[PDB]
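Here we start with a single chain on its own, the form deposited in one PDB entry, put down as structure tokens.
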């Protein structure tokens, strides 16, 4: 239930998400590409799903990957902005869930993004506390897959 998952976003969790996003969201291009490259490096079995982006090993030099990465960061910006209203958070989460359902991405595979999130957060001096907060947001999307 995406609704029960959304209920897990308590006051403390929402605060950690916002505080960490202020830093991470300030460089969408850089952190977005870092997130994607980390995903591909740590989970090579996921590269097949991104055939449309071409050679993802080119990282920032790949125009399609950069466009994709920047756009992905605005999906997260969207989620953060909807934290105040669960009804709105849910409808945007389901809209994005559809985009992945069509690509045949399961809740389990979507969850593979938690590893990269923790690593990027760590490189910015945000520990486990913050990685767990983000895992709860990711869990809302997983509930819709």
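Numbering follows the first chain given and starts at 1.
When the C-alpha B-factors of 87 to 95 and 36 to 44 are averaged, 36 to 44 comes out higher.
Taking only CA atoms, the mean B-factor in the PDB entry is higher for 100 to 108 than for the other of 100 to 108 and 75 to 83. Of the candidates 124, 22, 15, 136, the one whose C-alpha carries the top B factor in the deposited record is 124. Residue 70: CA B factor lies in the lowest third for its chain, per the PDB record.
In this PDB entry, the Cα temperature factor of residue 145 sits in the top third of its chain's modelled residues, the highest group. For residue 119, the recorded CA B-factor ranks within the middle third of the chain. Only modelled residues enter the ranking.
Another form exists, deposited with a small molecule bound; not displayed. Remarks below refer to it.
For the candidate set 56, 90, 83, 35, a heavy atom within 4.5 Å of the small molecule in the deposited complex is found for exactly one residue, namely 35. The small molecule is not drawn, but in the deposited complex it has no heavy atom within 4.5 Å of residue 13. The small molecule is not drawn, but in the deposited complex it has a heavy atom within 4.5 Å of residue 31. The small molecule in the deposited complex comes within 4.5 Å of a heavy atom belonging to residue 121.
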